[PDB]
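Q: so I've got this experimental structure, pasted below with the sequence.
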Amino acid sequence: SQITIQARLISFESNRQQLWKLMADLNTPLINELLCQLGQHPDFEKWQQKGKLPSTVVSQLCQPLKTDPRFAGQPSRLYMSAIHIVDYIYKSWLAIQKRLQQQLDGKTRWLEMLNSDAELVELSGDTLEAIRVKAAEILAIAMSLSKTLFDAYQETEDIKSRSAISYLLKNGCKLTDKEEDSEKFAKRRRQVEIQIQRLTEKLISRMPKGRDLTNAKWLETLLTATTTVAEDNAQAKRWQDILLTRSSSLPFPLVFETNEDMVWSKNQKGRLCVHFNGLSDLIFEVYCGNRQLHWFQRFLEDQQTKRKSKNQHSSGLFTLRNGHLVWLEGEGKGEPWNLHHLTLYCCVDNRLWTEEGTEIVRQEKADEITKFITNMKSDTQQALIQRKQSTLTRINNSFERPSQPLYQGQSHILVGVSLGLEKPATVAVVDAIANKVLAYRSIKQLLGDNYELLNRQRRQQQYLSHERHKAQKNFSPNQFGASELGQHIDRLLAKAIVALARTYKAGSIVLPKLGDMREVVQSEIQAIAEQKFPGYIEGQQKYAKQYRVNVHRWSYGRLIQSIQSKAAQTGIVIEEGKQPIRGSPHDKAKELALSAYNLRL
Amino acid sequence: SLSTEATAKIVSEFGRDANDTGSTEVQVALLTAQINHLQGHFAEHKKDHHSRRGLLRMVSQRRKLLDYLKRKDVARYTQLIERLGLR
RNA sequence: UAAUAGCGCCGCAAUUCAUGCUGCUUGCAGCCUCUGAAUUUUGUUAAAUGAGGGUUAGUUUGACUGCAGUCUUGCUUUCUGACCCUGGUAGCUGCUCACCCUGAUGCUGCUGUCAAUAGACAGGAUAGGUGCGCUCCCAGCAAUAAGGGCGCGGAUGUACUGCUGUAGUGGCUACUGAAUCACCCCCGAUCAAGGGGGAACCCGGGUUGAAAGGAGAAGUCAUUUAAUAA
């Protein structure tokens, strides 16, 4: 449901320079607190096993750095901004590593289990029919089927008769009469081996790196490498890998996770202003287009409404949720605080705009806070509970807000969206009780006046990829791409799909479980290419470059998110299902929506 | 790259005889002269990513010539390092 | 002179139905006048797409209250228009070349005039090949993909752009030339700022092109450029 809106902040030099000095000084403990966990911390491998960072460890590394002679000059809210960012960096990175470990194990089981029909006969000492009969018994026992079959293979080895469970699993949890081609099986088993290899090469990932603005390592390495002689090829390359590294020009943003830690006001000139907790001397002026101003007026109205009411209304329902203050990169020459541009990005929960939507968040938080209190049931724990009980009483006192009746769709009408390489979207609207398609759309309809933009995107990707190649050979800085055009097209389709869902009173939009299509294609094309260029690895990589590149450029996750966002701002439910391997783009969309309807029970 | 006079000056001072156009001591002295002038420019114009390619080649060539001379004759190697102020 | 072919787009001609068009049988009959899918074909002052590099806190996509009245902000992006340029000297620096053959995701390709030296001058995005483009093709060059041939000195314990060299082509910094616009004209401000004077049209007021928005941090893989290594 959340959105991010933005404004540039304007203020005389002295204020934009003082804030830069604090952020160039804050950017440094953002690096020292990563090193205190990157190498220093002894427990680190226990966290990699669990997949989660302990909720207090970054604060317990930061608390003694608050008096460090290098870091002591900063407000209490700038240290909380440091702790926030470093908590989120590792809390992300450990959760990336854990899912890769789980996938590597979850396929290492399968590479042991995947056997040819002849190997099942040898391993059982029995006929492939005896295996078909035992596979039929195993389905009869089972009737989460796939999970149950993996459990029944883990447990219950049963004199190697679990070989018949592997016969079900390779056949997609079904009986098969046909006996398979050993060349097709060799390609299949090779795809699994390639996926195991690539997962290990990925799982061996780099630790998080901080934004070192100082150039000190680079300058020290330059004067070392030019005046001294390396003792090894490894040392001479270690200096090369440092000297090639581009250094960062921007400090990490400030994060203000409490909405009240931004204070709003109106300037004499009638313009809006803002100030931050701990920087309450530095008034900043808001500059934003009238297409976004209504939120910045709402910020000040939410604040005035609470202050006019003796704090009896809660910022648990303030339209602003959190702010990220960032320096966007400028152009040309000048001091960093005169060259770059302070920009304030406000997280906003869009459903807090209206009274009917605010009531949803009131019920959502009142249920979550009630449960939290009953789960707690300490010293400072007594004050945490008083804060939660006080939020739970105050949240019932309403802000005066715009009214708009909630959208309601028909529980039987669904929009199916089918994504692919040639057709980025294609739509079928199904009445699932009639089994009747109400409408279909192809791309030429689904963004209408804008259909020239798909042809533009394909021209621009091809044109600009060649210009980047020509530019790199000359060391030109000019490096451009179609990324913002692809982002616009994915947003045009997201608006049109939801406008169509509203038009037909659909209860939900259905999006495919595409999953990791990029890695799957990369292993399929490699298992095949190894059969056509054996030993010539450069020829294996050249085999289907344009197909592999087009799959790595395929924006399916960004279109899926663009539709999710616009659907949830409108109130339409999102649902999911398996996308058919065969059929036209329309048939894919039709069967996808009907499948998601069948999954209701 | 060096002026004509500057090359002639460097080869006449590191060359063991009037015949040395390119013994290992002359070749390392010309790479050393280049690298010093290039570090004074590349530390100032930090954006000049075409000159970092030139420096990293030119340092790596010097190291190969020094490793060859070290095994071939340690006395020539020791005297060359002294005369070029390297460590 | 040449560019025949291949590949990707753009419509145009058809054929087959529907997500469309007439009926009531709310699912059939019927056709292609539209709006759309699929295949095939085509390059006919057909039609439609059409990447030389740059320029505005530009306009419209906006909020609230019963389609009328108030308030309005200049953020981040995608197009369509319009206008300007096809650059100047002052240093620093990378790469490339004894000389040959093959010729690469190699460079170059417009109009007019003078020279017919390789370059100036004046026009200009129509700018080699086709309806429009390419890593494809044609023409010239090719040292700056790569491989091979091979001359004379130094070095010769595995290193050897290391020699045969003043030009070619880039990179970067400082100053500078034009546009600094959204119907034109003029005076200004760019962490801010607007103001003044006209042309045309509609019925003293408007009009004088439209669109999209979830952002930060970290990690990874795809080709593709450079360096290094065996």
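A: Perfect, I can see it now. Numbers count the residues shown, from 1 in each chain, chains lettered A, B, ... in the order given.
Q: and the longest helix for chain B?
A: As assigned by DSSP state H, the longest helix anywhere in chain B is helix B:49-72.
Q: okay, buried residues for that helix please.
A: Of the residues in helix B:49-72, B:52, B:55-56, B:58-60, B:62-63, B:65-66, B:69 count as buried by neighbour count, 16 or more other Cβ atoms under 10 Å in any protein chain shown. Quick note: C-beta positions are derived from backbone N, CA and C, even for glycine.
Q: now swap in stretch B:71-83 and tell me
A: Taking 16+ other Cβ under 10 Å as the criterion, stretch B:71-83 shows B:77, B:80-81 as buried.
Q: tell me which of those fall in helices.
A: Among the buried residues of stretch B:71-83, DSSP H puts B:77, B:80-81 in helices.
Q: find the nearest non-adjacent residue to the closest residue to chain A within chain B, please.
A: Residue nearest to chain A within chain B (Cβ to the nearest Cβ): residue B:50, separated by 4.0 Å. Closest residue to residue B:50 apart from its sequence neighbours, by Cβ to Cβ, 6 or more residues apart in numbering or on different chains: residue A:475 at 4.0 Å.
Q: how deep is that neighbour tucked in, by neighbour count?
A: 12 (other Cβ atoms under 10 Å in any protein chain shown).
Q: go ahead and confirm it touches residue B:51.
A: No. If you go by Cβ atoms under 8 Å, residue A:475 and residue B:51 don't touch, sitting 9.2 Å apart.
Q: how close does residue A:180 sit to RNA strand C?
A: Residue A:180 is 28 Å from RNA strand C, where distance means Cβ to the nearest atom of the strand, to the nearest Å.
Q: where does that residue land in three-state SS?
A: Per DSSP: H, G, I helix; E, B strand; the rest coil, the local secondary structure of residue A:180 is coil.
Q: so it touches residue A:118, yeah?
A: No. Counting by Cβ under 8 Å, residue A:180 stays clear of residue A:118, with 9.7 Å between them.
Q: which one is whatever residue of chain B ends up closest to RNA strand C nearest to, not counting chain neighbours?
A: Nearest residue of chain B to RNA strand C (Cβ to the nearest atom of the strand) works out as residue B:54 at 2.3 Å. Nearest residue to residue B:54, sequence neighbours excluded (Cβ to Cβ, 6+ apart): residue B:38, at 6.7 Å.
Q: is the one you found in contact with residue B:58, as I believe?
A: Yes. If you go by Cβ under 8 Å, residue B:38 and residue B:58 touch, sitting 7.0 Å apart.
Q: wasn't residue A:345 part of a strand?
A: Yes. Inclusion of residue A:345 in a strand is indicated when three-state DSSP is applied.
Q: neighbours of residue A:152, how many?
A: Using other Cβ under 10 Å, residue A:152 has 17 neighbouring residues.
Q: just confirm it is within a strand.
A: No. According to three-state DSSP, the state of residue A:152 is helix, so it is not within a strand.
Q: which residues touch it?
A: Applying Cβ atoms under 8 Å, 6 or more residues apart in numbering or on different chains, we find residue A:152 in contact with A:138, A:141-142, A:162, A:165.
Q: the residue lying closest to residue B:21 once chain neighbours are set aside: what's it in contact with?
A: The shortest distance from residue B:21 to any non-neighbouring residue, by Cβ to Cβ, 6+ apart, is to residue B:11 (6.7 Å). Residue B:11 makes contact with B:20-21, B:26, B:29-30, according to Cβ under 8 Å, 6+ apart.
Q: ok, of those residues, which come out buried?
A: B:26, B:29-30.
Q: where along chain A do the strands fall?
A: With DSSP state E applied, chain A shows strands at A:2-10, A:254-256, A:262-266, A:272-276, A:284-287, A:320-328, A:341-349, A:410-417, A:427-431, A:436-441, A:506-512, A:573-577, listed in chain order.
Q: for chain B, find the nearest of these.
A: strand A:320-328 (19.1 Å).
Q: so how far is that closest one from its chain's centroid?
A: The chain centroid and the centroid of strand A:320-328 are separated by 19 Å under Cα atoms, centre = their mean, to the nearest Å.
Q: check stretch A:428-435 too.
A: With Cα atoms, centre = their mean, you get 32 Å for stretch A:428-435.
Q: same question for stretch B:34-52.
A: 16 Å.
Q: also stretch A:371-390?
A: 32 Å.
Q: closest residue of chain A to chain B?
A: Of all residues in chain A, residue A:475 sits closest to chain B, at 4.0 Å by Cβ to the nearest Cβ.
Q: OK, contacts around that residue?
A: Per Cβ under 8 Å, 6+ apart, neighbours of residue A:475: B:49-50, B:53.
Q: just to revisit the earlier point, with distance to chain B as added columns, please give the contacts of residue A:152 in TSV.
A: Output for the contacts of residue A:152, formatted as TSV (distance: Cβ to the nearest Cβ, whole Å):
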residue	distance to chain B
A:138	62
A:141	66
A:142	62
A:162	57
A:165	57
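Q: please name the residues that touch residue 7.
A: Picking chain A for this. Residues near residue A:7 by Cβ under 8 Å, 6+ apart: A:286-288, A:292, A:296, A:343-344, A:346.
Q: hmm, no, I was thinking of chain B.
A: Neighbour list for residue B:7: residue B:30 [criterion: Cβ under 8 Å, 6+ apart].
Q: against residue B:20, how distant is it?
A: Distance, residue B:7 to residue B:20, using Cβ to Cβ, to the nearest Å: 13 Å.
Q: also residue A:86?
A: Separation of residue A:86 from residue B:20 (Cβ to Cβ) stands at 59 Å.
Q: and for residue B:48?
A: 34 Å.
Q: I figured residue A:74 hits residue A:23, correct?
A: No. If you go by Cβ under 8 Å, residue A:74 and residue A:23 don't touch, sitting 9.5 Å apart.
Q: these two: who's more crowded?
A: Per other Cβ under 10 Å, whichever of residue A:74 and residue A:23 has more neighbours is residue A:23, with 25 against 17.
Q: near RNA strand C, which residues of chain B are found?
A: Residues of chain B found near RNA strand C (Cβ under 7 Å from any atom of the strand) are B:1, B:4, B:16-17, B:19-24, B:26-27, B:30-31, B:34, B:37-38, B:41, B:45, B:47-51, B:53-58, B:60-61, B:64-65, B:68, B:71-72.
Q: residues near residue 46, how many?
A: No chain in the question, so chain A it is. Residue A:46, neighbours per other Cβ under 10 Å, totals 10.
Q: right idea, wrong chain: chain B
A: Neighbourhood size, residue B:46 [other Cβ under 10 Å]: 13.
Q: who's in contact with it?
A: Residue B:46 makes contact with residue A:215 under the criterion Cβ under 8 Å, 6+ apart.
Q: give me the phi and psi for it.
A: Dihedral angles of residue B:46 (phi, psi; degrees, to the nearest 10) stand at phi -60, psi -20.
Q: how much space between the residue in the stretch 451-600 of chain A that RNA strand C sits nearest to and residue A:482?
A: Closest residue of the stretch 451-600 of chain A to RNA strand C, Cβ to the nearest atom of the strand: residue A:463 (2.9 Å). Residue A:463 sits 9 Å away from residue A:482, going by Cβ to Cβ.
Q: the more surrounded of these two?
A: In this view residue A:463 and residue A:482 are compared by other Cβ under 10 Å, and residue A:482 has more residues nearby, 20 against 12.
Q: my guess is the more buried one contacts residue A:462. True?
A: No. Using Cβ under 8 Å, residue A:482 makes no contact with residue A:462, being 9.3 Å away.
Q: which residues of chain B lie near chain A?
A: B:35-36, B:38-39, B:42-43, B:46-47, B:49-50, B:52-53, B:55-56, B:59-60, B:62-63, B:66, B:81, B:85-87 (Cβ under 8 Å from any Cβ of the partner chain).
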